[PDB]
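Chains as they are written, first to last, in this note's numbering: chain A, 13 to 82; chain B, 4 to 50. The C-beta atom is built at its ideal place from N, Cα and C for all residues, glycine as well. Only one structure is covered here, and it is reproduced in the block below.
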């Protein structure tokens, strides 16, 4: 996933080419998750994907707080 | 003949095996830095 995005200069592999997506999928089959899921609850291809998993819960409770206080 | 030429079979093979490693030092030293060329572009690929 590095060199298919480094030789193609694809900075983020959701901007990966459609043949360049599936040819990697023909090589390594566990990557159907981070490339072909509509709304994965964990963010695909980010460093803080576990951290952005947490900060939503911090957000979504405050609106559940803030619209309940009203 | 086994003194004059046999002082030269010493020194024909001597140069013709120094020159052969120099083909292999081109190849075994950038396929370690092409992985460096992979990772250094991968730092902005994180970004």
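With respect to the 8 Å criterion, residue 55 of chain A and residue 61 of chain A are classified as neighbours on the basis of their beta carbons. Taking every protein chain shown into account, the CB of residue 28 of chain A has 16 or more other CB atoms within 10 angstroms, so this residue is buried. Residues of the same chain with a CB within less than 6 Å of the CB of residue 49 of chain A, apart from the 5 flanking positions on each side, do not exist. A straight line joining the alpha-carbon of residue 46 of chain B with that of residue 8 of chain B spans about 59 Å.
If one requires a minimum length of 4 residues, no alpha helix (DSSP H) run lies completely within the segment 38–78 of chain A. The C-alpha of residue 59 of chain A is placed about 19 Å away from the C-alpha of residue 16 of chain A. Taking all protein chains in view, the Cβ of residue 41 of chain A is surrounded by fewer than 16 other Cβ atoms within 10 Å, so the residue is classified as exposed.
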